[PDB]
Number of protein chains: 2
Amino acid sequence: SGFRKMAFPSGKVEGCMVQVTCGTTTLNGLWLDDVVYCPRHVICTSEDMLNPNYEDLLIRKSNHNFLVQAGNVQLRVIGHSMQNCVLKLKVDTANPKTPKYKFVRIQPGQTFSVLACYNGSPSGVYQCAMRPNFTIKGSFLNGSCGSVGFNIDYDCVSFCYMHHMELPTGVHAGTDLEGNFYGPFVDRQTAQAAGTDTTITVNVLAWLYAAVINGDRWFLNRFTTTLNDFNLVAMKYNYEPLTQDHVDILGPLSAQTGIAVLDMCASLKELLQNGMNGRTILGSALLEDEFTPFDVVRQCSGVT
Amino acid sequence: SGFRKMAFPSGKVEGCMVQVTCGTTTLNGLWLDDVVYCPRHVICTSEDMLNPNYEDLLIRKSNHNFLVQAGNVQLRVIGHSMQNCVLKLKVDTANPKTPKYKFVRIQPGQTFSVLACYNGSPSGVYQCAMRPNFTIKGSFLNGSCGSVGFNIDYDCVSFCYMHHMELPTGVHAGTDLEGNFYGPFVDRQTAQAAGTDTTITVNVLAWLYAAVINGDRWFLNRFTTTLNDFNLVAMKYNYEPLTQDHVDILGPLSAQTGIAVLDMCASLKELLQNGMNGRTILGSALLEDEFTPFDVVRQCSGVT
Ligand SMILES: *CC(=O)N[C@H](C)c1cccc(Cl)c1
Ligand SMILES: *CC(=O)N[C@H](C)c1cccc(Cl)c1
């Protein structure tokens, strides 16, 4: 029992983190097999960041200009290519600690673990959600760029996020591992507003089922609702519209707890219309939306 | 920028987790050098748990009764001793992945990272505080026993917690790595209430300095207070009394932010007397007490 904002064990990813220096810019790279993946802005000076031509900037760079250090041993670069907003640096050595891995583009509302790094050294791990507006609310200082997000299915690490920049608003933007930004963002130090962020409705309901399983039930009410009725409320409170797909995905928690999905929606409806009344749910004074239905099942069954 | 409940990278500890089976009981062990540390209740049947004689129960057990498996390779046991509430199993092989490590007893209000394991397999990592009443609010299912808490200073892993049991209230109790329970708890399935838990005042103030650094300042007020005056409020709201030792430890955040400690206390005083007014601080709708002053400095400077 107990429910915690739980990250994946970060070992398999620690063994991949390297330092990439080009000119005077250092940031983090991901060494998998004989390739080091890093943000392409490693090639720029903070001056270039205002409107960089990455084609033109990269032409000035050779394999030998890219200094790749795993701990206290240098990797020899035999190839460099730009893919969207990442550089791939071919090294002559396959990383001996390469885990089973995939590159996956996550959907908004999905969660993943971030291993924050500085100079290719891990400092910490935390669990995130891809916001509906394709930002993440991370903890990322200067030199944190190239830090990756991931999920782990038994032995396989699915890389889903590489950290690129911090918006003026204090939120974080980055790419999948094929260098494609999540959201409308570009690797340039410019005006870039994120859209309206919504709350991830299916995650809040998931987290409400985690509460009931873990003893917190004060918010279970006598009421039910309809998808339609509940979505009028979700609209009013800038919550994602709930679909049958969201209902289907909540079935296991519905079945385990015996509380119909639309009954738990009715619970969420009253919580949104009436607030918490100074109470807490799983030690939170607001509605948590950064646990998926898969995250609640995993943590409420003990999957390693 | 951004502030997150951040765990230590768990790799160094993953490489230590083994499975320990005695009779039909499986739980997690910690393999460091040629010793596997685990909870002594591995030797019991859930029947024994009601009033176990561990001296008597352990006499019936031989080195060969302790089955120790690191992944898919068995460790040969050449010695067994009981120390307080842990067994130490001498194995014939030193763990090749033994990190630099110390055993440390933490003080209440200190934080650490927990690597939750099932059958010696890591499932997740999260950041905890030792509650003033020496409980922790973890996420620990059946078979989670032997899961360890830790801090990491560069390369050195300080082991501070081994998970033993879940109280009837849903909170968690365990030992240091010399097998001494934190709190008045015994490894027996009995009535055991925890004391009054308090809120860790110095941690809340620490977290308020993390807010100001990270942009959230709406709670800075025109007022100051005295240790004495503030402690009358702390009493009323079941907060730890604040000492000069707590003030000294907050100096770096006071200096970095230019906000005197007693001014931030005055901030906390009004927050306690007047609540949040439906607002949030670093995405929390209550006062967080599970970041230390050392935790705020580390995450607000980028220490790996
Ligand atoms: C990680 C980071 O923020 N790197 C530099 C400072 C940066 C600024 C603007 C845009 C981009 Cl992609 C990167
Ligand atoms: C981890 C755990 O809870 N193990 C068993 C179930 C247990 C019950 C009561 C007391 C103790 Cl020490 C352990």
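Note: hydrogens, waters and symmetry copies are ignored here, and every other heavy atom, side chains too, is used. The sequence lines fix the lettering, A, B, ..., with proteins before strands; numbering per chain opens at 1.
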Hey, is [atom1] on [X] packed in by over 12 heavy atoms from elsewhere, all under 6.0 Å?
{"X": "A/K61", "atom1": "NZ", "answer": "yes"}
{"X": "A/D153", "atom1": "CG", "answer": "no"}
{"X": "A/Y237", "atom1": "OH", "answer": "yes"}
{"X": "A/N142", "atom1": "CG", "answer": "no"}
{"X": "A/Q83", "atom1": "CD", "answer": "yes"}
{"X": "A/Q244", "atom1": "CD", "answer": "yes"}
{"X": "A/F294", "atom1": "CZ", "answer": "no"}

Measure the spacing between [atom1] of [X] and [atom2] of [Y] and express it to the nearest 0.5 Å.
{"X": "A/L205", "Y": "A/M264", "atom1": "CG", "atom2": "CE", "result": "7.5 Å"}
{"X": "A/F112", "Y": "A/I136", "atom1": "CZ", "atom2": "CD1", "result": "4.5 Å"}
{"X": "A/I106", "Y": "A/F150", "atom1": "CD1", "atom2": "CZ", "result": "12.5 Å"}
{"X": "A/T169", "Y": "A/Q192", "atom1": "OG1", "atom2": "CD", "result": "10.5 Å"}
{"X": "A/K100", "Y": "A/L32", "atom1": "NZ", "atom2": "CG", "result": "15.0 Å"}
{"X": "A/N203", "Y": "A/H246", "atom1": "CG", "atom2": "NE2", "result": "8.5 Å"}

Determine, step by step, whether A/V297 and A/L253 satisfy the side-chain contact (heavy atoms from CB on, under 4.5 Å) criterion, reporting the C-alpha distance in whole Å, the side-chain angles of both residues, the deciding distance to 0.1 Å, and the verdict.
CA-CA 7 Å; A/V297 168; A/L253 300 178; 3.8 Å; yes
Mind checking whether A/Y37 and A/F159 have ring centres under 6.0 Å apart?
no
Which pair of heavy atoms, one from [X] and one from [Y], lies closest together, and at what distance?
{"X": "A/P122", "Y": "A/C117", "value": "CA-SG, 3.7 Å"}
{"X": "A/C44", "Y": "A/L57", "value": "SG-CD1, 3.8 Å"}
{"X": "A/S123", "Y": "B/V303", "value": "CB-O, 3.1 Å"}
{"X": "B/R217", "Y": "B/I213", "value": "NH2-O, 4.4 Å"}
{"X": "A/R4", "Y": "B/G138", "value": "CG-C, 4.1 Å"}
{"X": "A/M49", "Y": "A/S46", "value": "CB-O, 3.3 Å"}

Report yes or no: does [X] contribute a side-chain atom to a donor-acceptor pair with the main-chain N or O of [Y] at less than 3.5 Å?
{"X": "B/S10", "Y": "B/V13", "answer": "no"}
{"X": "A/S267", "Y": "A/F219", "answer": "yes"}
{"X": "A/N231", "Y": "A/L242", "answer": "yes"}
{"X": "B/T111", "Y": "B/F291", "answer": "no"}
{"X": "A/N95", "Y": "A/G15", "answer": "yes"}
{"X": "A/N180", "Y": "A/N84", "answer": "no"}
{"X": "A/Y209", "Y": "A/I259", "answer": "yes"}
{"X": "B/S144", "Y": "B/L141", "answer": "yes"}
{"X": "A/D248", "Y": "A/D245", "answer": "no"}
{"X": "A/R40", "Y": "A/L87", "answer": "no"}

Audit row: A/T199, A/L287, side-chain contact (heavy atoms from CB on, under 4.5 Å) steps and yes/no:
CA-CA 9 Å; A/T199 303; A/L287 301 167; 5.8 Å; no
Determine, step by step, whether A/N133 and A/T135 satisfy the side-chain hydrogen bond (donor to acceptor under 3.5 Å, both in side chains) criterion, reporting the C-alpha distance in whole Å, the side-chain angles of both residues, the deciding distance to 0.1 Å, and the verdict.
CA-CA 6 Å; A/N133 74 1; A/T135 63; 2.7 Å; yes
Do [X] and [Y] have side chains that get closer than 4.5 Å, going by heavy atoms?
{"X": "A/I281", "Y": "A/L271", "answer": "yes"}
{"X": "A/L272", "Y": "A/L268", "answer": "yes"}
{"X": "A/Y126", "Y": "A/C128", "answer": "yes"}

For the pair A/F140 and A/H163, name the ring-plane relationship: parallel under 30°, tilted 30 to 60°, perpendicular over 60°.
parallel
Mind telling me whether A/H41 and A/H164 have parallel, tilted or perpendicular rings, with 30° and 60° as the class edges?
perpendicular
Check the pair A/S284, A/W207 against side-chain contact (heavy atoms from CB on, under 4.5 Å), reporting the backbone distance first and the verdict last.
CA-CA 11 Å; A/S284 183; A/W207 169 83; 4.1 Å; yes
Which is it for A/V20 and A/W31 under the side-chain contact (heavy atoms from CB on, under 4.5 Å) test, yes or no, and what are the steps along the way?
CA-CA 10 Å; A/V20 178; A/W31 181 22; over 6 Å; no
Quick test of your reading of the model: are [X] and [Y] salt-bridged, counting only N-O distances below 4.0 Å?
{"X": "A/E290", "Y": "B/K5", "value": "no"}
{"X": "A/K137", "Y": "A/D197", "value": "yes"}
{"X": "A/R131", "Y": "A/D289", "value": "yes"}

Any luck finding a side-chain donor-acceptor pair between B/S1 and B/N214 under 3.5 Å?
yes
Going by atom types only, do A/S121 and A/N119 share a side-chain donor-acceptor pair under 3.5 Å?
no
